[PDB]
Amino acid sequence: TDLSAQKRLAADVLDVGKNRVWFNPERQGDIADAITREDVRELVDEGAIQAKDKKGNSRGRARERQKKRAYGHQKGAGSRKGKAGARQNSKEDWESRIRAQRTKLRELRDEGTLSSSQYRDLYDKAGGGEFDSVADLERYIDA
Amino acid sequence: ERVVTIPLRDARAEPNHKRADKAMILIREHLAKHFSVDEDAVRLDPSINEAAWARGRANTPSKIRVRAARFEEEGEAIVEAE
Amino acid sequence: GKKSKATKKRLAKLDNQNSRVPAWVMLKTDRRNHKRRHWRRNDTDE
Amino acid sequence: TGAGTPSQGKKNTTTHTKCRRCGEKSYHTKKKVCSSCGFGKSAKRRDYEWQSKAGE
Amino acid sequence: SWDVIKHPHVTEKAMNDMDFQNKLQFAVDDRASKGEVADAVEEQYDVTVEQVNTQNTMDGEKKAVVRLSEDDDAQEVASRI
RNA sequence: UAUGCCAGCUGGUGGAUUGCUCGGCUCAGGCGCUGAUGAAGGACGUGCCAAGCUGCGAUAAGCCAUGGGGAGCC
RNA sequence: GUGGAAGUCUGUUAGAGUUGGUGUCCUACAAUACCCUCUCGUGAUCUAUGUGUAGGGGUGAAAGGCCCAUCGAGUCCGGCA
RNA sequence: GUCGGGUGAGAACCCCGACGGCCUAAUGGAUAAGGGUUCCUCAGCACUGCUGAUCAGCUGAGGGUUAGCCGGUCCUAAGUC
RNA sequence: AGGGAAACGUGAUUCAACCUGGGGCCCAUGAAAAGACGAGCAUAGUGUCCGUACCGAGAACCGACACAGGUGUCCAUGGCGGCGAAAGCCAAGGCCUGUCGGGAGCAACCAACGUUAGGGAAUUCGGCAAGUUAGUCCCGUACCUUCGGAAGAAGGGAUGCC
RNA sequence: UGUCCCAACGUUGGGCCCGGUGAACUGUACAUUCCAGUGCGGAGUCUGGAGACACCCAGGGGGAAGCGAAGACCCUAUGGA
Ligand SMILES: [Cl-]
Ligand SMILES: [Cl-]
Ligand SMILES: [Mg+2]
Ligand SMILES: [Mg+2]
Ligand SMILES: [Mg+2]
Ligand SMILES: [Mg+2]
Ligand SMILES: [Mg+2]
Ligand SMILES: [Mg+2]
Ligand SMILES: [Mg+2]
Ligand SMILES: [Mg+2]
Ligand SMILES: [Mg+2]
Ligand SMILES: [Mg+2]
Ligand SMILES: [Mg+2]
Ligand SMILES: [Mg+2]
Ligand SMILES: [Mg+2]
Ligand code: NA
Ligand code: NA
Ligand code: NA
Ligand code: NA
Ligand code: NA
Ligand code: NA
Ligand code: NA
Ligand code: NA
Ligand code: NA
Ligand code: NA
Ligand code: NA
Ligand SMILES: [Sr+2]
Ligand SMILES: [Sr+2]
Ligand SMILES: [Sr+2]
Ligand SMILES: [Sr+2]
Ligand SMILES: [Sr+2]
Ligand SMILES: [Sr+2]
Ligand SMILES: [Sr+2]
Ligand SMILES: [Sr+2]
Ligand SMILES: [Sr+2]
Ligand SMILES: [Sr+2]
Ligand SMILES: [Sr+2]
Ligand SMILES: [Sr+2]
Ligand SMILES: [Sr+2]
Ligand SMILES: [Sr+2]
Ligand SMILES: [Sr+2]
Ligand SMILES: [Sr+2]
Ligand SMILES: [Sr+2]
Ligand SMILES: [Sr+2]
Ligand SMILES: [Sr+2]
Ligand SMILES: [Sr+2]
Ligand SMILES: [Sr+2]
Ligand SMILES: [Sr+2]
Ligand SMILES: [Sr+2]
Ligand SMILES: [Sr+2]
Ligand SMILES: [Sr+2]
Ligand SMILES: [Sr+2]
Ligand SMILES: [Sr+2]
Ligand SMILES: [Sr+2]
Ligand SMILES: [Sr+2]
């Protein structure tokens, strides 16, 4: 008996890769008589032909690592492979910081805390990279 | 029918990436001899196959306990794990 | 490639010629297609 | 890269094809001229006395 | 003068088209258009042709798949030849 | 007496030799233009079964007339 | 600090190439191949297809290099015995 | 690769299952050129296949490519006639 | 509608495709034409002709071959990893045809490779071959210089896990 | 730092034996040779001695001025480019 053709039809009718279709060893004769796709669907229902399950990689070990690293662990010098600028894009970081400092200054202004002129002076200084962070900016504003 | 312990140390004579194969051969030869039957008449149950290939093709267990029965008109043996 | 209708007609003919000399011709002439071609071993024209 | 075998693998261009006028696979589909019968080049049929021995 | 219809194309696939889709298949002159195939057929077996699909075959001939109207029954038309 | 040398016998292999000739080669005489009224050439078709050759052209190994011929033919 | 230039650097990214082994092969897997090492990799870059230039003529960042395994003058047939 | 089994006159290499492996810009998917039926089915093993063969891109016989809206077809590019 | 044995979700982050802007460069300036828009709606009819299989490669192409060569495009966002389209391992998918097998602790010899005490280039034309170093962070860095560079100079320290 | 002193042990594929498949190079003849001599002065084959029972397996290549290519070097030709 040669069932490679039936294997091809079964993969199509079961909508799976040929390598995953299973043919019951005790029914080679019946499967061998299967000519049409209808013949294959029939044997599928009988359970003579089935589709093996596909694998999915476990992410459990990854998840634990993700947690440790999110908590700031497992990132010591001995675990870094890329250059510092590769681990954190500097221009990107500046965009993060400067936007946070401007949003900050914009809120203080509409809030009345700063006069357009005080705002301007702080805004221009931020753009000149005078403040390391939002807090650094606040500390400054507090004279 | 009886339980026998097959030593597979002689598989070490074959290249290491193919030890499993040689093991399966030693097993057949051991039974054929000890049960006084032709190697052609020795049937190895898949259980034995899986035992020898457990760690892949390059790692065989040093020995293996196998349960074999001898019978029929032409004289043959059937073997399996234990 | 892309075959035109004419190319196709020519390929079709070549396919037809590529057949066995009928058995009855064997008997009638009391005893070979010298133009037998293989798609791989040979090369057609055009 | 050698001019031999390695350079033969790049040959997948179609040039000479079956000619409408004479039937020979000599119609250069890029020049639109038959190298065998002259179709596309001359109304007269391509011919030369050197295609045979001089006294024949 | 060449005729349009050459002969009925009879094969397993042709029969299925005839039993399940009221379609008839013909080997026809490769110079014939879908329309010319439609007319010729209606005039040879007196039926109403609804659609015609064509294919230039690797046998050097043209094959036509002619679907008849629900008014006609392919199985019966083909059965009289 | 192994491996083996030389000669022959029986049987192979091989296709020489002899015989045979539907093919060539050369000479002699005769004859001699074809095509837009689409030639020559080619392509693709065409048979009950049909691949090749030959013939033929959708009227497709053929259709018609006259004379010849003759009980066979495809 | 920002910015992000460059015939700019690293890079078996794709892709291109080939310093050494004078390794393997050398009736080959191959009439120019295999492996490791090595070089280039935003530009005078690499690459597909189309197209043009023809033989004492092309094409050549020039080696007499290349113009279908052949070029200090291609190939084919003819001159030709 | 191995153990069982299937088919067969015949099975290391044709098929089923299990176990064991290989490939991740590819050894996976879709395609251009080019090839031209190599595609599918049945029946086969003299030929072809780095051994064998019940297999096959092999041999015999049949079958298969369906479009207003996917290409062509239309436009013009270097350029050609 | 369809599809699924079933459930037949909801929010979020990072965001290829695709959309839309801002900046910079040129002794370099990055096609053309057909067509479309501009220019409504109903209903009906017509929409012919050619291609369409398959391979697309360690056996369907070229290389005399079922040749380890050569041969364009797109899949560039599958998981862990890490800077990564890197390595290594693993899915989806494919394969056991980079197609002869059986046997000998399986000798000499050869290919490719692992490990070698002490000495450490004595070897050799020549460190050829092999090896040494190595990723990332911190400290630190000479001569010279066209002030750009030299420079990762050199040298020193650190590196896991919880 | 096995490049070396100075080599050793191990790994994988071959090698060896068995089944199947199955070429090519080369071949005036003879041929078991060795030491001297002789010879166109570089002999398995001539001369004189010596040695030599036949056949087979594996081996590394001393000889056959080994095989492969009508020497590329040099000269000659009332040769070529
Ligand atoms: Cl298309
Ligand atoms: Cl902007
Ligand atoms: Mg079959
Ligand atoms: Mg910056
Ligand atoms: Mg292995
Ligand atoms: Mg056929
Ligand atoms: Mg169509
Ligand atoms: Mg080009
Ligand atoms: Mg192969
Ligand atoms: Mg040492
Ligand atoms: Mg010395
Ligand atoms: Mg070195
Ligand atoms: Mg000479
Ligand atoms: Mg000279
Ligand atoms: Mg001269
Ligand atoms: Na071909
Ligand atoms: Na027909
Ligand atoms: Na005449
Ligand atoms: Na015929
Ligand atoms: Na600056
Ligand atoms: Na090199
Ligand atoms: Na010339
Ligand atoms: Na990733
Ligand atoms: Na095989
Ligand atoms: Na060593
Ligand atoms: Na020797
Ligand atoms: Sr070929
Ligand atoms: Sr080059
Ligand atoms: Sr190459
Ligand atoms: Sr090409
Ligand atoms: Sr012309
Ligand atoms: Sr002439
Ligand atoms: Sr056909
Ligand atoms: Sr660069
Ligand atoms: Sr680089
Ligand atoms: Sr060299
Ligand atoms: Sr090396
Ligand atoms: Sr070589
Ligand atoms: Sr870049
Ligand atoms: Sr050349
Ligand atoms: Sr001549
Ligand atoms: Sr047989
Ligand atoms: Sr097939
Ligand atoms: Sr965004
Ligand atoms: Sr398709
Ligand atoms: Sr592919
Ligand atoms: Sr390839
Ligand atoms: Sr898989
Ligand atoms: Sr095989
Ligand atoms: Sr050790
Ligand atoms: Sr030295
Ligand atoms: Sr020295
Ligand atoms: Sr350091
Ligand atoms: Sr003597
Ligand atoms: Sr030897």
Side-chain angles (χ1 to χ4, degrees), chain A residues 1-4 17-19 22-25 28-29 31 54-57 59 61-62 73-74 76-84 86-87 91 94 127-130, chain B residues 10 12-13 15-18 20-21 24 43-46 48-50 52-54 56-57, chain C residues 1-5 8-11 13-22 24-25 33-36 39-40 43-44, chain D residues 1-14 18-23 32 40 45 48-54, chain E residues 1-3 11-13 29 33-35 53-58 60 63 65:
Chain A
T1 46
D2 188 305
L3 315 176
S4 48
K18 283 179 191 179
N19 290 283
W22 174 92
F23 283 177
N24 190 313
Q28 301 175 75
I31 300 179
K54 65 184 182 183
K55 172 188 180 180
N57 281 12
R59 277 182 58 71
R61 300 178 228 92
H73 291 344
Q74 282 176 34
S79 291
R80 304 164 197 174
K81 220 67 185 316
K83 209 72 183 180
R87 286 169 71 70
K91 184 204 225 287
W94 151 263
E130 283 295 315
Chain B
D10 283 344
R12 292 180 307 179
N16 307 318
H17 67 286
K18 320 164 67 181
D21 307 68
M24 214 65 25
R43 145 147 181 170
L44 302 190
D45 170 83
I48 296 171
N49 190 39
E50 292 169 42
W53 285 79
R57 195 185 197 189
Chain C
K2 294 295 186 304
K3 65 182 82 66
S4 63
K5 190 182 194 179
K8 198 163 166 192
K9 298 180 79 176
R10 285 185 228 113
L11 280 181
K13 184 176 180 60
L14 285 180
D15 177 61
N16 187 192
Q17 301 175 302
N18 205 182
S19 70
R20 187 90 191 194
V21 173
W24 64 263
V25 180
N33 182 332
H34 306 123
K35 297 203 169 206
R36 267 159 195 152
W39 57 270
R40 201 171 200 169
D43 173 296
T44 70
Chain D
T1 312
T5 309
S7 284
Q8 305 312 114
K10 293 194 176 191
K11 301 180 174 184
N12 63 345
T13 305
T14 284
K18 194 140 178 191
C19 176
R20 213 200 301 163
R21 185 206 256 170
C22 74
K32 301 303 180 186
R45 279 286 187 126
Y48 299 100
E49 286 309 81
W50 46 259
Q51 291 176 309
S52 74
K53 285 296 174 182
Chain E
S1 172
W2 56 272
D3 328 292
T11 70
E12 320 93 299
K13 188 169 186 179
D29 195 289
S33 68
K34 285 179 176 176
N53 286 236
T54 55
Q55 181 207 325
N56 280 300
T57 286
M58 280 306 296
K63 187 172 69 181
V65 185

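In what follows, chains carry the letters A, B, and so on, assigned in the order in which the sequence lines appear, proteins first and then strands, with residues in each chain numbered from 1.
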Short side-chain N/O contact to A43(F) OP1/OP2 from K13(C), under 4.0 Å:
no
Near-parallel close stack of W94(A) and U2(G) base (under 5.5 Å, under 30°)
no
*Is the phosphate of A53(I), meaning OP1 or OP2, less than 4.0 Å from a side-chain N or O of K13(E)?*
no
chi for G45(F) classified (syn = within 90 degrees of 0, anti otherwise) as anti
Any Watson-Crick or G-U wobble pairing between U11(J) and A112(I), both distances under 3.5 Å? yes
**Message:** If a pair means Watson-Crick or G-U wobble with both distances below 3.5 Å, are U52(I) and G39(J) one?
**Reply:** no
Sign check on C1'-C2'-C3'-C4' at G120(I) (positive = north, negative = south) puts the sugar south
Per nearest nucleotide of RNA chain H, the residue lying toward the 5' end, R40(C) or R20(C), is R40(C)
Open item on the list: For a quick test of reading the model: is some side-chain N or O of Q17(C) closer than 4.0 Å to OP1 or OP2 of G52(F)?
Closed with: yes
**Asked** Would you say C35(J) pairs with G48(J) if a pair means Watson-Crick or G-U wobble with both distances under 3.5 Å?
**Response** yes
In terms of heavy-atom contacts, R36(C) and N18(C) come closest through CA-ND2, 3.5 Å
Applying side chain to side chain contact (heavy atoms under 4.5 Å, CB included) to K81(A) and not counting sequence neighbours gives none
* Do the bases of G51(I) and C70(H) pair up, Watson-Crick or G-U wobble style, with both gaps under 3.5 Å? -> yes
With north defined by a positive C1'-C2'-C3'-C4' torsion and south by a negative one, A60(I) has a sugar that is south
The answer to which of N12(D) and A3(D) contacts RNA chain G further toward the 5' end, by nearest nucleotide, is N12(D)
Judged by the sign of the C1'-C2'-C3'-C4' torsion, with positive meaning north and negative meaning south, the sugar of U59(H) is north
The nucleotide from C44(F), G135(I), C49(I) with an atom nearest the side chain of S33(E) is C49(I)
Taken in chain and number order and not counting sequence neighbours, the residues that satisfy salt bridge (charged side-chain N to carboxylate O under 4.0 Å, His left out) with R10(C) are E46(C)
Practice prompt. May I ask whether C56(F) and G45(F) form a pair, defined as Watson-Crick or G-U wobble with both distances under 3.5 Å?
Written response: yes
**Prompt:** Is the phosphate of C83(I), meaning OP1 or OP2, less than 4.0 Å from a side-chain N or O of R87(A)?
**Reply:** yes
The glycosidic conformation of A58(F), counting syn as within 90° of 0 and anti otherwise, is syn
Regarding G8(F), purine or pyrimidine glycosidic angle vs 90° from 0 gives anti
Heavy-atom nearest nucleotide on RNA chain H taken for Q55(E) and for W53(B); more 5' hit belongs to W53(B)
Of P6(D) and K91(A), the one whose closest nucleotide on RNA chain G sits nearer the 5' end is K91(A)
Contacts of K18(B) meeting salt bridge (charged side-chain N to carboxylate O under 4.0 Å, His left out) (sequence neighbours excluded), chain-then-number -> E14(B)
Given the 90°-from-0 boundary between syn and anti, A158(I) should be labelled anti
What pairs of nitrogen or oxygen atoms, one from the protein and one from nucleotides 57-59 of chain F, lie under 3.5 Å apart?
residue: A58(F); atom: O2'; partner: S1(E); partner atom: N; Å: 3.2
residue: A58(F); atom: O2'; partner: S1(E); partner atom: O; Å: 3.4
residue: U59(F); atom: OP1; partner: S1(E); partner atom: N; Å: 3.1

(message) Any side-chain N or O of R59(A) below 4.0 angstrom from OP1/OP2 of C80(I)?
(response) yes
Polar atoms only, N or O, under 3.5 Å: list the protein pairs with nucleotides 79-81 of chain G and their distances.
residue: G79(G); atom: OP1; partner: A54(D); partner atom: N; Å: 2.9
residue: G79(G); atom: OP2; partner: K53(D); partner atom: NZ; Å: 3.0
residue: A81(G); atom: OP2; partner: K53(D); partner atom: NZ; Å: 2.9

>> Between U45(J) and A29(J), would you say there is a Watson-Crick or G-U pair if both relevant distances must stay under 3.5 Å?
In response: yes
task: Check whether the side chain of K2(C) and the base of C50(I) form a donor-acceptor pair under 3.5 Å.
output: no
* Does a side-chain N or O from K10(D) land closer than 4.0 Å to OP1 or OP2 of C62(I), or not? -> no
According to a 3.5 Å cut-off on both distances, are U13(G) and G64(G) Watson-Crick or G-U wobble paired?
-> no
Chain E reaches RNA chain H, atoms under 4.0 Å from its heavy atoms, from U37(H) to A67(H)
**Asked** When the P atoms of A9(H) and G98(I) are considered, how many whole Å apart are they?
**Response** 32 Å
Hey, is the side chain of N16(B) poking within less than 4.0 Å of OP1 or OP2 on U11(J), counting only N and O atoms? no
(message) When you look at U133(I) and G11(I) together, do they satisfy the Watson-Crick or wobble criterion (both atom distances under 3.5 Å)?
(response) no
Paired to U70(G) by Watson-Crick or G-U wobble criteria (both distances under 3.5 Å) is none
**OP:** Return no unless some side-chain N or O of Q74(A) is found under 4.0 Å from OP1 or OP2 of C162(I).
**Re:** yes
Do the bases of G114(I) and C9(J) pair up, Watson-Crick or G-U wobble style, with both gaps under 3.5 Å? yes
Tell me whether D2(A) contacts the main-chain N or O of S4(A) through its side chain, where contact means a donor paired with an acceptor under 3.5 Å. yes
Regarding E49(D), tell me which of base, sugar-phosphate or nothing describes its non-hydrogen contacts under 4.0 Å with the strands shown. nothing
**Message:** Less than 4.0 angstrom between a side-chain N/O of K54(A) and OP1 or OP2 of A91(I), yes or no?
**Reply:** no
**Q.** is_pair(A28(I), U159(I)) Watson-Crick or wobble, both dists under 3.5 angstrom
**A.** no
| query | Within the pair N56(E) and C50(I), is there a side-chain N or O less than 4.0 Å away from OP1 or OP2? | reply | yes
Is there a side-chain contact between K11(D) and the phosphate of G70(I), meaning an N or O under 4.0 Å from OP1 or OP2? no
